[PDB]
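Participant: One structure, as structure tokens, below. Some questions next.
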Amino acid sequence: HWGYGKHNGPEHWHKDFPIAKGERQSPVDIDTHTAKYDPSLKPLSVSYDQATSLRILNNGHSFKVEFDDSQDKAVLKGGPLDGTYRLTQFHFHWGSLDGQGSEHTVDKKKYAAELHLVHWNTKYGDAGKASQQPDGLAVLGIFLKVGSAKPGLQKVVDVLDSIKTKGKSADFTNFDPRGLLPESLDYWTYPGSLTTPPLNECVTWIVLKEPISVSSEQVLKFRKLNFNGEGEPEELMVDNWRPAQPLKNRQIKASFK
Ligand SMILES: NS(=O)(=O)c1c(F)c(F)c(SCCO)c(F)c1NC1CCCCCCC1
Ligand SMILES: [Zn+2]
């Protein structure tokens, strides 16, 4: 199966998922000087007031916090988007060291981690259907740098010892994702893809300019997770990021400047 290692990592994925060499793959490097300010772009509307987190899983690739998306409770709209996108889950990608871990890069700079809040367009009724559409998903990406702790992340990190190995899950209620957001909602946006198999080209990416700060203690807890299932040789879950892919025939638009 696919993963993040030498024999099954990103450079191999195209064998099982030919779309890996497609025209709108993610992530990308965001050239800040080349991104076009678009005064037509709207402020992003993040309405996470009624979010209902349900569970947290270690799936052997990352961990994901999944939400109740059976009614508009936590929705994204505006920005570059037409229509309403419901939040289904968030997850992170991170590195073995603080100088790598993000999927997107900014003028080639890598961040220590990247948070993805995954939303699906309600016009398609369910996330599976939405993933088959070019405007099906909107992923809000937030960079993490290491410095001051993020208090709103602490409830996540403190639960990770309970899901150390692949397949372990736990109930995870009343987590408020508003505590993961930076002050500014200035963003870059472009059409792209899932960053893991099946790599579907179904995502409107919205990448915030302003990172959040997390502490070294917080990211050390991410790096204590394991890729392996219990009983298998121990492999620390680190460097679960896809590198930047060719921009091809895309422009990155900026909501600011
Ligand atoms: N990274 S991402 O935000 O483009 C992303 C989606 F938008 C998705 F909608 C999904 S779910 C559809 C794939 O089966 C996804 F897995 C990822 N990637 C996964 C990261 C790899 C580790 C698995 C944990 C799930 C998220
Ligand atoms: Zn992701």
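Participant: Just to be sure before I move on: is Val156 over 23 Å from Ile19 (Cα atoms), touching a residue at least 40 places away in the same chain (Cβ under 8 Å), within 16 Å of ligand 1 (Cβ to nearest atom) and buried (at least 20 other Cβ atoms within 10 Å of the Cβ) in the structure I sent?
Facilitator: Spelling it out, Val156 is indeed over 23 Å from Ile19 (Cα atoms), touching a residue at least 40 places away in the same chain (Cβ under 8 Å), within 16 Å of ligand 1 (Cβ to nearest atom) and buried (at least 20 other Cβ atoms within 10 Å of the Cβ).
Participant: Given the conditions (1) under 19 Å from the mean Cα position of the chain (by Cα); (2) in a strand (DSSP E or B); (3) more than 16 Å from ligand 2 (Cβ to nearest atom), and given that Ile206 satisfies all but one, which numbered condition is not satisfied?
Facilitator: Result: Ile206 passes all but (3).
Participant: Ok, one more. From the list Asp49, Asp31, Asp68, which one is exposed (fewer than 15 other Cβ atoms within 10 Å of the Cβ) and more than 21 Å from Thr189 (Cα to Cα)?
Facilitator: From the options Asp49, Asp31, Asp68, the qualifying one is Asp49.
Conditions tested, residue by residue: (1) away from ligand 1 (no atom under 14 Å from the Cβ); (2) touching a residue at least 12 places away in the same chain (Cβ under 8 Å).
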{"position": "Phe92", "(1), (2)": "no, yes"}
{"position": "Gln100", "(1), (2)": "yes, yes"}
{"position": "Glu103", "(1), (2)": "no, yes"}
{"position": "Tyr111", "(1), (2)": "yes, yes"}
{"position": "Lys123", "(1), (2)": "yes, yes"}
{"position": "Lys129", "(1), (2)": "no, no"}
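Participant: Filter the range 181-199 down to residues that are among the aliphatic types (A, V, I, L, M) and either surrounded by 22 or more Cβ atoms within 10 Å (Cβ to Cβ) or within 14 Å of ligand 1 (Cβ to nearest atom) (or both), then give me how many there are.
Facilitator: 2
Participant: Among the residues of the range 90-108, write down those that are under 19 Å from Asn174 (Cβ atoms) and in contact with a helix residue (DSSP H, G or I) (Cβ under 9 Å, 6 or more places away or on another chain).
Facilitator: Result: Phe90, single match.
Participant: Counting only residues that are closer than 30 Å to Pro39 by Cβ, give me the strands (runs of 3 or more DSSP E) lying completely in the range 91-192 with at least 2 of them.
Facilitator: 113-121, 137-146, 187-192
Participant: Of all residues being polar (S, T, N, Q) and closer than 19 Å to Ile30 by Cα in the range 90-137, which is surrounded by the most Cβ atoms within 10 Å (Cβ to Cβ)? Just the residue, please.
Facilitator: That would be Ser102.
Where a number appears in this text, it was derived from the coordinates with a stated rule and is not lab data. Virtual Cβ from ideal backbone geometry, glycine too; neighbours counted across all protein chains shown.
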